[PDB]
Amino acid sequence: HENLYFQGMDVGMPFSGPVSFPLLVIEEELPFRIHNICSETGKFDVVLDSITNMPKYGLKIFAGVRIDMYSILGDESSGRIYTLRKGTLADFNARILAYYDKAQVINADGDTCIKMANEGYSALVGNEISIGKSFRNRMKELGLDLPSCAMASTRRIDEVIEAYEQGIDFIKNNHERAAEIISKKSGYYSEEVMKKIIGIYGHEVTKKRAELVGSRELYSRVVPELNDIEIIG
């Protein structure tokens, strides 16, 4: 009974990306299959990823996720924002923020980001690198509180949304277990690191068209190919 998984609902997502975590934690209950695009290159029926990667997949966005994944270190009035390598969501976020902060972005690694922030510059890093000022909260200050992650397919897939909400509930109610599962499956985070940061994410799904359109518009500032991705709903 292999048709017990929904045929044509194969979902790809990066297992090291927090967008995946709600589906990782309840994988074994899901009525559809998930696949790690950090370790498999392929075509999938549904993709969950950073909105900034959506032009790679040629699918239609049907839902968004707000996730508080990044921290700002140091002094935002210093003229430089250090961040991670080019083309990461951290980089794209840093480039958006740099407009407002009147800064230049310097792509580096986590240790360099920490050091240069301590030297009086600023940095934008994942929370696994360092805790600092919430990037989610900085973008609220700027009126740019929009979902940076997306779900895409050829139509709205309610079963994937519903499962995702169930997984969000699992994380909220089971921080330790969720941290161990994510650490084991992700191949990226230690359990110790994940236990410290798991509560910050605050995953929240939106299906509101204007929020999806808004995030596409925002991120097209730095990924112009985004403007050609359609939103359904």
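Position 1 is the first residue in the sequence shown; the rest follow in order.
- The PDB entry reports B-factors from which the mean C-alpha value can be compared for 44 to 52 and 187 to 195; the larger average falls on 187 to 195.
- Of the two stretches examined, 140 to 148 and 104 to 112, the record assigns the greater average C-alpha temperature factor to 140 to 148.
- Of all the options 22, 214, 12, 224, the entry's greatest CA B-factor is assigned to 224.
- For residue 28, the recorded CA temperature factor ranks within the middle third of the chain's modelled residues.
- Residue 118 sits in the highest third of its chain by CA B factor, as recorded in the PDB entry.
- Among all modelled residues in its chain, residue 130 ranks in the middle third by Cα B-factor.
- Split the chain's modelled residues into thirds by C-alpha temperature factor. Residue 68 is in the lowest one.
- Per-chain ranking of the deposited C-alpha B factor places residue 62 in the middle third.
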